[PDB]
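[1] Fold the following and give me the result.
(chains A, B, C, D, E, F, G, H, I, J and K, ligands or ions: 4)
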Amino acid sequence: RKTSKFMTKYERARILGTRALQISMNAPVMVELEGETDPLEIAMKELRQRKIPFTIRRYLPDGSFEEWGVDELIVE
Amino acid sequence: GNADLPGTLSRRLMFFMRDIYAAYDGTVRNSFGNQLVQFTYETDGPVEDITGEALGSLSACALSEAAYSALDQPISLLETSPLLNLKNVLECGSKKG
Amino acid sequence: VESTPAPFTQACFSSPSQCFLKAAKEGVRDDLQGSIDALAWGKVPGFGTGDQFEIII
Amino acid sequence: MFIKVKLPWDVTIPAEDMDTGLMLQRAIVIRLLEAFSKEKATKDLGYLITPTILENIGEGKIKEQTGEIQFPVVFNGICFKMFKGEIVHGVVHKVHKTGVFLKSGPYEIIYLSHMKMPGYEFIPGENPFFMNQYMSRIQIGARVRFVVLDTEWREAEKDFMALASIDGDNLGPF
Amino acid sequence: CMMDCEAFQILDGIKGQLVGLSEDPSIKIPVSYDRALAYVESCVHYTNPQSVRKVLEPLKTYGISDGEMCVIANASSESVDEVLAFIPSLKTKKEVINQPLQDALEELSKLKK
Amino acid sequence: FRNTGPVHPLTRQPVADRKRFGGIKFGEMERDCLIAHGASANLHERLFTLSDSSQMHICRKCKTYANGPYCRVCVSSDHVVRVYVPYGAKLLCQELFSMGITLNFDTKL
Amino acid sequence: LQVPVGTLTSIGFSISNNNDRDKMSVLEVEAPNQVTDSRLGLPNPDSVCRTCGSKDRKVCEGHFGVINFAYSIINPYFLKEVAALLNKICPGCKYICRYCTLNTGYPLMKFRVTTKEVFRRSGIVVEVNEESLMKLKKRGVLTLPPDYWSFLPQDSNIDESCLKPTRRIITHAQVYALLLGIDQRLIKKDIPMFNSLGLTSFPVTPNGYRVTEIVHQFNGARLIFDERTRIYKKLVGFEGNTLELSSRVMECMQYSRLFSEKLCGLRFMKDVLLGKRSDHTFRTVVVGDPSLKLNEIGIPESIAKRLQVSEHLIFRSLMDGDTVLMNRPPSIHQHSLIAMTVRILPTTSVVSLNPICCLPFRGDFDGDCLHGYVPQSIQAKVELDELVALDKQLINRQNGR
Amino acid sequence: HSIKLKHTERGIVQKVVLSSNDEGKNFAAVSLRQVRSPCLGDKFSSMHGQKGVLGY
DNA sequence: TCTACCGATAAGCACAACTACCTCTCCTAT
RNA sequence: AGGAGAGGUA
DNA sequence: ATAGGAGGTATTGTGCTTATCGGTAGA
Ligand SMILES: [Mg+2]
Ligand SMILES: [Zn+2]
Ligand SMILES: [Zn+2]
Ligand SMILES: [Zn+2]
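    Numbers count the residues shown, from 1 in each chain, chains lettered A, B, ... in the order given. Ligands and ions are numbered 1, 2, ... in the order given. Structure as follows:
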């Protein structure tokens, strides 16, 4: 709660990088990709299909934190 | 020989404004102790989606651009160059005497 | 005035020796809150990337 | 002192197999098995065999190197502590002139010194040396009870070596 | 808490689980399994319910520490002179009469047929 | 251009000689610009990974520096943590110890 | 063996004492000729380390050694605090007394530290106020009373100075004598670090950071070593007056790289921690090529085949589709850093850039050189074209145009 | 010992000169020559202050 | 009437007087 | 191999 | 270990830390 409920560019880039690193280490892909040979493309496809099993923990300055998920958040 | 002024001014301003960043609550806070600099960003619109960008770093870079661009340094009699005027304006605590 | 001790950033700004000596005499504690302090010790600044964390579940 | 105490761990799981959410618990236990298997040793705790009971699991922390994710899991298991003043039986493996071997399980090696049992003369007239001077025959395979002493440890192997003393009563096989 | 009886019962489960899906994609260690088969074959009890309950009865009725129970149970002394010579913590004590201890020795004798 | 080459004897950094496969210095202005852009992985790699990379051992019990690792201030302890810091940090710590300043480190893990 | 990883935080600052100095030092001998011992550092002329294993100055750290002093030495950093404290408290009354009342004829005393003015020694020299001396002079008193300096115990470390009867150099032994009888609360308030009052040892720089075993042109094994090393070796044999030893220690402490005097002070910080050099970097002259796209950078085939990138299947040559970080020094704005896709061109020893993209770099094709950075980590590449790419920087952040 | 050419050193041997001083120290000089055709990155200047590099 | 700090006037003391850079020559006492 | 001094580039 | 008189001349520039220099205010 008390959040913009919008995925920022930095968080999206970090999620894409983490997913690409995971895929590049021979990891199964939740989404089905046809004719894809680049981990970045598969990560972007999964982000567009919001099937990534990742959760975002936003640290508030006061010390508290709020737990969010990539499926709950929207991508502009 | 006076090309050191923009570099030194930019370095000092960046050292001062590096810790400034925007928080998730919409406030502007400093990295040292979460000090509140601005309760709400004073931008005149139109998009308020900036959350993690370092506003202080951007402002310091813009002022560095202004300083480096104004390197003509005419320094006329009874007058000061735009770089000198910017340096005098940015330094307020030094001119206490 | 803010009661925030940053010996490392002050030393990196100007006169590192005097700043370090004063910090040692005062026995202050540095929390590495600054971005430059984190960078000098191999840590992310946390402004754009690093402010949040990723958890599988 | 076979008290089943809890022991937290920070087992890391490679990103080679991260799928099957409905059967994700299958991958967690497999990684836990490979955790203590790699070490298979302890300094002052003892030994662990199987994770019979799993208490709780923690949040998955992601560390950005070689695609590794960590999971904090706390569980209870079988442990053994060699406390001072314990009568533990053991089986003999071989008999030598010095350092008589006693095997109280393959988890540790126990050596018998000269100043532990009653004074006797080694019998060289047969193949294995006998200690029948005090009307007691000891051979390989017989269970002999003895008191344990302070145990030592190594640097790499960290073997829980100890010394066997027969100064107590009820010596020899029973 | 498992000394001789409950330790053996749970080890049958893993052996019964080993026969099912014995294949493992990872690398296993044979030292751990050898330490279980070559250590519990010293002393074995018959039944679980009546054995773990009986040994815990003197804990409530009499005053015995946790560390004292483990050494006495594993040693399984068959007389009164041995329990007064093994552990030095029982020297010069009159808290418990020897006659109830002898009765407990008989109670431990009938459990092992 | 440079891929791999000799390092300076004082600091474990690429030499400035062009003929000896020298590197390009990552100045303060470039670091500040990268901070303004908000990319930390590139900045972390350029300052720690591709730059002078070293390791330092800190005892968990006593907040001191231990040279396996072993600190003579306290007894031989099995709880010693390793931190990943640039070699410049170790050089600064050595200089501070030489001048008469002792640093205490309290690791969070 | 194996140690768990950890995160460094909460750095504390304190002044070193004798206990920590002794604990940190390993195999600290007291031989004057063993300054370059084989147990401290690899660059010693034996190529063998006693504490660590054999290495190539990459797996062995610089061990520390601390010499021992026969007599206790006051800490130079606390010299000002002690001098200020002695000025307030009487030298013979130990209260906040012949030295109290002005009717007894004893003038007040001022405690101060001289800096290379009398005997080139940074010590405690007590001085009497000359204004009070003139008052005594006008009343018929010409010389100080013989029992004026009765509060100073006799010290064998005193030498022949003969400077003036009004001024005396306070011996380090006398400093501890005067501090006796003072409440610990007052001393602790002025001096937060009471445990560092006594300096009975001094560390030496490791051979891995002092032994300059440079190739010395022809003398490959010259072992020139550091310069302060001579002073440290000369400090092994200490006897007689302790003021000379204190002056030597103070002089040696000023040879540290942090103290200002080229690689010293703030320049040391800039060249070590602030400014660093990284691998996988190329620097070539840039020319114009309108045929190339704005987001594409021309990379010569001769250099591309030698630059190696890290791709998980271990290095492969640079090819089309890879992204590099271009920058024109000095970086006057954040728009200087632009991520551009690598495009292979038949041209060699030169990089081709679109003339339109010169405005963000604020440069022209007259000799300007662009040095690029090739990211090796996959995450670095992913974040490079999502935040630092040309299409992401279409809106100027200065004026919004 | 021997002296080897560096990464960016190349040419064809033109002449070798051997000489010594009165002290007896021997000196050796080797000259390497090469042709520098106008490359793309070369910079040319005019007689009136015009400065530029080769474009195409 | 004699103490008791209390702001001014000189006298030294300490950093700061720019980036990315590239070549040549000379240097290591007696 | 590290330094000191000069002429120079954007 | 020894050696390297003596000369009128011809960087600023800002902060900081003294000393000293009288100088009134209170009992
Ligand atoms: Mg130009
Ligand atoms: Zn320790
Ligand atoms: Zn070593
Ligand atoms: Zn007094």
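[2] how about residue G:266, phi and psi?
    phi -60, psi -30 (degrees, to the nearest 10).
[3] so how far is residue D:113 from it?
    The spacing between residue G:266 and residue D:113, counted by Cβ to Cβ, to the nearest Å, is 66 Å. Just so you know, the C-beta spots here come from the backbone N, C-alpha and C atoms, and that holds for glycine as well.
[4] between those two, which one's more packed in?
    Counting neighbours by other Cβ atoms under 10 Å in any protein chain shown for residue G:266 and for residue D:113 shows that residue G:266 has the greater number, 17 against 12.
[5] looking at it, that one is touching residue C:18, isn't it?
    No - contact between residue G:266 and residue C:18 fails when scored by Cβ atoms under 8 Å: they sit 11.1 Å apart.
[6] give the contact list for residue G:37.
    If a contact means Cβ atoms under 8 Å, 6 or more residues apart in numbering or on different chains, then residue G:37 has G:27, G:29, G:44, G:65 as its contacts.
[7] Can you flag the buried ones in the residues you listed?
    G:29, G:44, G:65 (16 or more other Cβ atoms under 10 Å in any protein chain shown).
[8] quick revisit: now, which of the contacts of residue G:37 sits nearest residue F:85?
    Taking Cβ to Cβ as the measure, residue F:85 lies nearest residue G:65 of the contacts of residue G:37, at 23.3 Å.
[9] Pull the number of nearby residues for residue G:225.
    Neighbours of residue G:225 using other Cβ under 10 Å come to 20.
[10] Now it: closest residue in space, sequence neighbours ignored.
    Closest residue to residue G:225 apart from its sequence neighbours, by Cβ to Cβ, 6 or more residues apart in numbering or on different chains: residue G:211 at 5.1 Å.
[11] From residue G:244, how far off is residue G:126?
    Residue G:126 is 20 Å from residue G:244, by Cβ to Cβ.
[12] can you check residue F:70 too?
    37 Å.
[13] and the residue in chain E that RNA strand J sits nearest to, what does it touch?
    The nearest approach of chain E to RNA strand J comes at residue E:27, 45.1 Å away (Cβ to the nearest atom of the strand). Residues near residue E:27 by Cβ under 8 Å, 6+ apart: D:34, D:37.
[14] residues contacting the residue nearest the centre of chain B?
    The residue lying closest to the centre of chain B (Cα atoms, centre = their mean) is residue B:60, at 3.9 Å. Contact partners of residue B:60, counting by Cβ under 8 Å, 6+ apart, are B:10, B:13-14, B:16-18, F:32, F:36.
[15] Which helix or which strand is home to it?
    helix B:55-69 (DSSP states H and E).
[16] I figured residue G:200 was touching residue G:18, is that so?
    Yes - taking Cβ under 8 Å as the definition, residue G:200 is a contact partner of residue G:18 at 4.9 Å.
[17] Now for residue G:234, how many residues are close by?
    13.
[18] Quick check: chain neighbours aside, which residue is closest to it?
    Per Cβ to Cβ, 6+ apart, closest to residue G:234 is residue G:248, 7.2 Å.
[19] residues contacting the one you found?
    With Cβ under 8 Å, 6+ apart, residue G:248 has these contacts: G:231, G:234-235.
[20] residue ranges for the helices of chain F, please.
    Listed in chain order, the helices found in chain F under DSSP state H are F:28-37, F:40-44, F:87-99.
[21] quick one: the last one to chain centroid distance?
    Spelled out, it's helix F:87-99. Per Cα atoms, centre = their mean, to the nearest Å, the displacement of helix F:87-99 from the mean C-alpha position of its chain is 10 Å.
[22] So for residue G:200 and residue G:18, which sits in the more crowded spot?
    residue G:18 (19 against 15).
[23] who's in contact with the more buried one?
    Counting by Cβ under 8 Å, 6+ apart, residue G:18 has contacts G:198-201.
[24] Could you check how far it is from DNA strand I?
    To DNA strand I, residue G:18 is 27 Å away according to Cβ to the nearest atom of the strand, to the nearest Å.
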